[PDB]
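Working notes for the structure below.
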Number of protein chains: 2
Amino acid sequence: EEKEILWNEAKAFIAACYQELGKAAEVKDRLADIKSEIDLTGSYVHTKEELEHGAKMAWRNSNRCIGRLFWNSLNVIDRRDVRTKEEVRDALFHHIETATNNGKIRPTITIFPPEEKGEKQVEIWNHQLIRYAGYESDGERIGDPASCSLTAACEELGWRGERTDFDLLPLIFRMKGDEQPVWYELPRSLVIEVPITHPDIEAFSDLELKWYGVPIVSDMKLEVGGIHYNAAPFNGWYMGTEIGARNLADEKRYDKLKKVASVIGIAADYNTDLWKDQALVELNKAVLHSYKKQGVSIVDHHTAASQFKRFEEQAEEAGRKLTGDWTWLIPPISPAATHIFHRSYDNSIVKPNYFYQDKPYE
Amino acid sequence: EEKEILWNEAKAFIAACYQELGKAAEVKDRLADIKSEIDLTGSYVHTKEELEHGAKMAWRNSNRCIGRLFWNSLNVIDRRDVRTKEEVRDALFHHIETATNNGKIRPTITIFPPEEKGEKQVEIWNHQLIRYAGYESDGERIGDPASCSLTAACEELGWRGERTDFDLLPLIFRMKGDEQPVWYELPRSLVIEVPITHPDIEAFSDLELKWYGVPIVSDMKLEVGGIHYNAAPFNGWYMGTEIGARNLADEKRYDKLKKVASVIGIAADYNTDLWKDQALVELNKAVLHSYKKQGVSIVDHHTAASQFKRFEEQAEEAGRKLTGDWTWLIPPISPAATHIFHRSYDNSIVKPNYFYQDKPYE
Ligand code: HEM
Ligand code: HEM
Ligand SMILES: N=C(Nc1cccc(OC[C@@H](O)c2cccc(NC(=N)c3cccs3)c2)c1)c1cccs1
Ligand SMILES: N=C(Nc1cccc(OC[C@@H](O)c2cccc(NC(=N)c3cccs3)c2)c1)c1cccs1
Ligand SMILES: [Cl-]
Ligand SMILES: [Cl-]
């Protein structure tokens, strides 16, 4: 039953994975041994090669991701050997260091032991390994509102933030058998941040905006051939609009457009002046400029869409069906300036893939 | 069979239409008489009141339309009495005049006789009553590429354009019984156009851009209670982005962003400079400024989204289900700056509604 669905997903994955690796012949025996290990044990164990390719396929199949051209060069770190919270912490620290790579970001995933009985071995509470805390009480809003619930959970466990607008949340995760998670403060030497300045407008620094270099999503489940890696943080580099058109711009996030309008010297009084649009463009130019100036990888939405067009072309040429989520693939500024806006995408779910899972806080 | 589907749609419409008009009691008899007229004749005839309300409901149910707040004030002109091509022409001329209203645009629909046996009485070839011709031959591109096929069809019928970038296409329609359509040149006195200037950048006029005041979509079918009004042109006013972010901006339309970049004095060499985004913002500011300066109705995308939020609220308060097409409701610039981007919409089709129909050219 469980064994059944596990077997089925395993067959589909192993077949596909071995064709892609040019190892079509080895399938039958590999499949045989898997059916055996399943019947005996209730599960099976991926080889390094299978796991690495599975993680790459999962990225390739992520409908909402514009950055998929580079799927085959994902750096996969196999940490299925960790057993202790010190080891998990150190693995997370290491992921940050190697992914950051002095600013020349390496798309990386660290893979922890998978769910056994549906029982998690390691459960990471962070949404991203590096993210800012958020506070809300007494009309007072500080930091990132998206982080309010996790921040509150951390402070329930004895952590205390400085209540700056950019407090780094601690790493926070729970081990199987432990009733509570543990938290560890981030060593600042590991975390690159970028001050936001503008190429022409000197006053832009008065806003004292910054953002972190490397987004490392740590709360999604990687599913490969029926195996559920609920703990498998991965990172790429940012597309500039994620920071400039959302994280810093949304009313429910840092909500900076009025302040941007003021420093760039335009009125924020009339919808018809398109001051929000103008503020968005200057804020987004500033973000790209700032990351490039500091030597931290980033991509603008036009270049990213051009890369994605090549991904589409490669899928076709390889005989692979393309799947995508138009509503997430279009960038949140000038979307009609990209080819993406002007076609449609099949939003079907293909596995291996990355999936949402319920937050253990909230 | 035909009578069946006709009866079914009629029941659903008459019931709904009479509740909304507070005439719930009159339904049963009205329904009875309709069933009779159907059985005898194979069809039925809408009262003025039914037709007017049906056209308003159809607009209310148009998923892709951000402008629906004003559905109940649509100006409905009943022209089911026309029989001759002179009458059709004059009705179209009149629609242009009354809708334009010296620049204070009145949302208007002119309704011609419906399909009888599925046989069209009047067939309008124009996509909009006012639109620019487009030419393409010998590497030479002139005017609006979207109009190339209709332009070619007009010139097959003896029309000849001046081959300016803004030739007004003639009205072109066919009568039942006629093998070919007829065409009539638009009287220039009927057509308001707006030169595009910028509020701060004087050189912007060097681009010699203009657009027409009133978009009057004339090739969609209005369906009400099983009756198919294939000829029923309607208009609102423009949302500025339709002109500034699409008609003038798309590479497959007027493709003006590079020229915009040049006149506003920025380089168009690096994706990371976001010059396309900046050019879009200035072009869109110019469009809104120009229409307002001339006293021609227009709405910006922020105000339009705010109006649409009220439409959502009204639907709720009236107990009506809301339907929408997120992919068409978001504006093509700064969509994440609108509430629309941050929620989802049920894309179900509810009738009465406006529908696509096959082009008789192409
Ligand atoms: C190499 C640079 C990369 C860029 C520039 C990039 C860009 C993006 C962007 C802009 C989004 C949309 C996020 C949003 O708007 O909220 C996204 C979504 C996503 N990306 Fe990528 N990405 C990259 C690499 C990766 C990698 C390495 C993985 C995993 C191996 C990945 C998996 C995903 C997934 C799963 C989503 C969807 C998340 C969700 O549904 O909530 N991407 N990507
Ligand atoms: C009053 C001002 C109005 C504004 C500002 C407005 C705005 C818009 C916009 C921006 C679109 C999307 C067009 C595109 O991006 O291609 C649209 C679609 C539409 N509007 Fe409206 N609209 C208005 C009035 C009307 C009226 C009076 C009707 C009919 C009675 C109507 C019916 C529709 C329909 C059917 C579509 C979809 C067309 C398609 O699917 O191709 N609208 N509207
Ligand atoms: N962008 C949208 N939603 C949204 C809202 C709030 C936060 C958010 O963060 C995504 C954040 O979790 C996330 C997830 C995956 C990738 C990224 N960004 C990156 N560059 C990478 C992180 C890791 C590898 S690449 C960031 C996304 C919408 C599109 C259309 C309608 S709403
Ligand atoms: N906008 C899109 N498509 C598109 C592409 C080319 C032309 C076009 O014109 C619509 C044009 O026929 C039209 C239709 C209906 C309304 C308007 N605009 C108006 N303000 C009105 C005309 C009549 C009443 S309101 C204009 C629409 C897309 C959104 C998402 C992916 S593609
Ligand atoms: Cl983010
Ligand atoms: Cl248009």
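Residue numbers begin at 1 in each chain, while the letters A, B, ... track the order of the sequences.
When the shell of 6.0 Å around NZ of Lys293(A) is examined, it contains more than 12 heavy atoms from other residues, nucleotides or ligands. With a 6.0 Å radius and a threshold of 12 heavy atoms from other residues, nucleotides or ligands, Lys258(A) has its NZ atom at or below the threshold. In this structure, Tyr270(B) places its OH atom where only 12 or fewer heavy-atom neighbours from other residues, nucleotides or ligands lie under 6.0 Å away. In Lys259(B), the NZ atom is not crowded: 12 or fewer heavy atoms of neighbouring residues, nucleotides or ligands sit closer than 6.0 Å. Heavy-atom neighbours of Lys210(B) NZ from other residues, nucleotides or ligands within 6.0 Å: above the threshold of 12. Summarising the local packing, CZ of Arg310(B) is surrounded by 12 or fewer heavy atoms from other residues, nucleotides or ligands at distances under 6.0 Å. The local environment of CG in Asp200(B) is crowded, with over 12 non-hydrogen atoms from other residues, nucleotides or ligands closer than 6.0 Å. Taking a 6.0 Å sphere around CD of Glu316(B), one finds it holds 12 or fewer heavy atoms contributed by other residues, nucleotides or ligands.
Residues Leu280(A) and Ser334(B) share a closest heavy-atom pair of CD1-OG, 3.6 Å. In terms of heavy atoms, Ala336(B) sits closest to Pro332(A) at CB-CB, 3.9 Å.
Interface remark: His342(A) contributes side-chain atoms only to the contact with chain B (heavy atom separation under 4.5 Å). Neither the backbone nor the side chain of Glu251(B) comes within less than 4.5 Å of any heavy atom in chain A. Heavy atoms closer than 4.5 Å to chain A are found in both the backbone and the side chain of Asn284(B). Only the side chain of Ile330(B) comes within contact range of chain A, with heavy atoms under 4.5 Å apart.
Comparing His289(A), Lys276(A), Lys292(A), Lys285(A) by heavy-atom pairs within less than 4.5 Å of chain B, the highest count is held by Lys285(A). Ranked by heavy-atom pairs under 4.5 Å with chain A, the list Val281(B), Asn271(B), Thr303(B) is led by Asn271(B). Chosen from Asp273(B), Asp250(B), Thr327(B), the residue pairing most often with chain A at heavy-atom distances under 4.5 Å is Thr327(B). Of the residues considered (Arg246(B), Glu282(B), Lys252(B)), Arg246(B) shows the highest number of contacts with chain A, using heavy-atom pairs under 4.5 Å. Counting heavy-atom pairs closer than 4.5 Å to chain A, the top residue among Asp277(B), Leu274(B), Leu288(B), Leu257(B) is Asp277(B).
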